[PDB]
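Heads up, the chain shows up twice below as structure tokens, two forms, tagged structure 1 and structure 2.
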Structure 1
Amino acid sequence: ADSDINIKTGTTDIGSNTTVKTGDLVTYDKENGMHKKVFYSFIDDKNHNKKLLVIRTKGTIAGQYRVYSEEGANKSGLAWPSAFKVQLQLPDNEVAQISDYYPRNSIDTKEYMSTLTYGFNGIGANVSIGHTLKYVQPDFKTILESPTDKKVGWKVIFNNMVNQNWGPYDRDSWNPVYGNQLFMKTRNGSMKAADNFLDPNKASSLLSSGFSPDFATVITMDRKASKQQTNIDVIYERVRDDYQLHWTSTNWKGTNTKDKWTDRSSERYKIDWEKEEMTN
């Protein structure tokens, strides 16, 4: 990248001959089961025209994948994490601005193949034309929500999943006979409904074992600011969907409702640029 313009590698980078004062802040929200981790670092370069503060948003959001309620032997429910989010807002009153952030949206790709085969038989000369298209489909998509001057956020959504090594079912899939089969253990089952759900081990790890974020947001502040202090708010949250299945006297049918429950864990941090330390 930088070496392609004939500039020596690392010349344009910053942080040289400086003393970065790092730190760490761990919080746990037992009500929502959302481990928090806000590792930061104050990079003060005399060459750079503004101060820096890279905020690492590590942590973990519990999957919370369990049957919330059961109604008899012919009806049951399941709540699973539809999407995890990590928002890092900054009051519009303050003069600090977010400079960069990572990861960011990337351009997809797909391979296209074309075929043209014709043969002869002894003579029924035939012709065949065919084209195939392939691409990768991650189970969860790390989408960077549109950032602005004071707010930056990420989200992880549910792309689709393969059930019992058959079919990439998704939230929008529907089958007139069986309905949505996203987490349906057996089709013509005879077992109790509450225990007719795909085992969490078979499902994706993030659904039950949780999602561990890893995001960065470097925020710069003017060096001649009147007040060297800016509070920041960091928000985690997960969105859960209710997956209902019931027996139609012939086979199980399953339905999924999108964005049923949403729980947000908000924390406020005070940054002291002069002291180069931010406190919980």
Structure 2
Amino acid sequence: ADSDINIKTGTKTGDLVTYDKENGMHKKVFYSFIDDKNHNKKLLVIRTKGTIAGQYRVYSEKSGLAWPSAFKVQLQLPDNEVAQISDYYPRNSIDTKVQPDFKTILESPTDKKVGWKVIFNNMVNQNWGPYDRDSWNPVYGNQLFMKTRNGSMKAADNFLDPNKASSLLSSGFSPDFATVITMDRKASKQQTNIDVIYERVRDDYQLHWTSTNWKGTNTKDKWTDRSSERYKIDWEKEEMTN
């Protein structure tokens, strides 16, 4: 690459935390700068690190299963500010040809909003098929959390244990994502603003029994703990503070 073009090669940090008692979501960001007299302007980098707990629990006594259909994070900003959005690693890499269980996407990013949906793709349950987020079957319906086939105890006790399911459903998925935003250097004004609509697109798995064979049902987006926590970026001070 860099050698392929035969080029010689040549082309301040902090942290944050906050938690929601009702929805239970941990949120963080990290930044870094250089004082490069050769580079054009300042660059700030947003890491989405945190913990969107799955709250994989039987809220309702089939069982209604509050599970994370797709944790989604979007770093959205008001229009009036002069900022602009540049890079969004990870990108949707060319689907090259493996079916990962959480296929992260970079939802179609306009110049102002860029947001991933780290969705729940296939999960193998008790040595069987894919079972993606909207996994939905004629008989067994969705198939995220079917503890077993031939259960005998109380249905409330018959729900797939968090341990055996995908380790993200039980205890959430920490977002490992990032992106950056840009603007000319010699502009008088500086201010910006963020949205950071952290999402936990909840979904239901109802295993209802026919008297011949178990079934399943899914109530997609039955809730969404989209605890929108708008952030504050302090650019000139070379700090990020909520």
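Rigid core (definition): largest C-alpha set, two forms, superposition within 1.5 Å. Residue numbering: structure 1 sequence, from 1.
J.: For the list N105, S146, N93, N188, which one shows a CA move of 2 Å or more between structure 1 and structure 2 after the core is fit?
T.: One residue passes the 2 Å cut-off, namely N188.
J.: Quick check on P213: with the core superposed, does its CA move 2 angstroms or more between structure 1 and structure 2?
T.: The answer is no; the displacement is under 2 Å.
J.: If I superpose the two forms on their rigid core, does the C-alpha of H48 end up displaced by 2 Å or more between structure 1 and structure 2?
T.: It does, since the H48 C-alpha is displaced 2 Å or more between structure 1 and structure 2 after the core fit.
J.: Comparing between structure 1 and structure 2 on the rigid core: C-alpha of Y65 shifted by 2 Å or more?
T.: Comparing the forms between structure 1 and structure 2, which are aligned on their rigid core, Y65 does not shift its C-alpha by 2 Å or more.
J.: For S173, tell me the Cα shift between structure 1 and structure 2 once the rigid core is superposed, in Å to one decimal.
T.: Comparing the two forms, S173 shifts 5.6 Å at C-alpha.
J.: Relative to the superposed core, report the C-alpha shift of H246 between structure 1 and structure 2 in angstrom.
T.: Displacement of the C-alpha, rigid core superposed: 3.1 Å.
J.: Upon rigid core superposition, what is the positional shift of the Cα of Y236 between structure 1 and structure 2, expressed in Å to one decimal?
T.: Looking at the C-alpha of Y236 between structure 1 and structure 2, the offset is 0.8 Å.
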